[PDB]
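Asker: Before I ask anything, let me first share the structure, which is written out below as structure tokens.
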Amino acid sequence: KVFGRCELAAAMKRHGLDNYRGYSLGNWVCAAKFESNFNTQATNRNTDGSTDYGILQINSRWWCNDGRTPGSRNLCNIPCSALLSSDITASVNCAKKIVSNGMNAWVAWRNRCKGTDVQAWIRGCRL
Ligand SMILES: *CCS(=O)(=O)[C@@H]1O[C@H](CO)[C@@H](O)[C@H](O)[C@H]1O
Ligand SMILES: *CCS(=O)(=O)[C@@H]1O[C@H](CO)[C@@H](O)[C@H](O)[C@H]1O
Ligand SMILES: *CCS(=O)(=O)[C@@H]1O[C@H](CO)[C@@H](O)[C@H](O)[C@H]1O
Ligand SMILES: *CCS(=O)(=O)[C@@H]1O[C@H](CO)[C@@H](O)[C@H](O)[C@H]1O
């Protein structure tokens, strides 16, 4: 499933991400846009042997368990397969745990969203 900008903003708001730990909804939508292009099925392999899963490109080494990653810590205590769903619940819940060093965890966010008017990503949407 590939979300539309406003469709994802609405879903993330419903899920309580707006202003979670001080991060406005726009930050999360922007992060999703550049991490996965709003694609819930996105999967990308990393050089260290981990994979990044789903809407938020959550990592197998630290966060989720795919059972194929040496040094797996599974800090979100969830199978990575749960992050490849049309239902963003698992990704949202894990994302909350990740930000609890803030959104710098997401390279794409730090590189492209941080410091910009991220509200532009939700402007025009009915929330
Ligand atoms: C992302 C699923 S939902 O139906 O949009 C959303 O899910 C959370 C968690 O189960 C609920 O608390 C929320 O009210 C729902 O809208
Ligand atoms: C899914 C949101 S939460 O973690 O259950 C909820 O988030 C708000 C901020 O948006 C916090 O103030 C609250 O304490 C949390 O439980
Ligand atoms: C928020 C993670 S958890 O599910 O509360 C916690 O996760 C660790 C790591 O996977 C587990 O060892 C622990 O038992 C879980 O409670
Ligand atoms: C978004 C709902 S949650 O994942 O269950 C949420 O997670 C935060 C951080 O782990 C908790 O502080 C909050 O109480 C939970 O509802």
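Numbers in chain A track Swiss-Prot; the residues on display, in order, are 19-118, 121-147.
Technique stated in the header: X-ray crystallography, 1.6 Å.
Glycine too: its Cβ is placed from the backbone N, Cα and C atoms.
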Asker: Of the residues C133, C145, which one does Swiss-Prot pair with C48 through a disulfide?
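Answerer: That would be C133, the partner Swiss-Prot lists for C48.
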Asker: Between the disulfide-bonded residues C48, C82, whose Cβ has more other Cβ atoms within 10 Å than any of the rest?
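Answerer: Output for this query is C82.
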Asker: Give me the non-local Cβ neighbours of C24 (disulfide bond): same chain, 6+ apart in sequence, Cβ-Cβ under 8 Å, ordered along the sequence.
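Answerer: Residues satisfying the criterion: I142, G144, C145, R146.
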Asker: Counting only residues 6+ apart in the same chain, whose Cβ is under 8 Å from the Cβ of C112 (disulfide bond)?
Answerer: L74, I76, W81, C82, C94, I96, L101
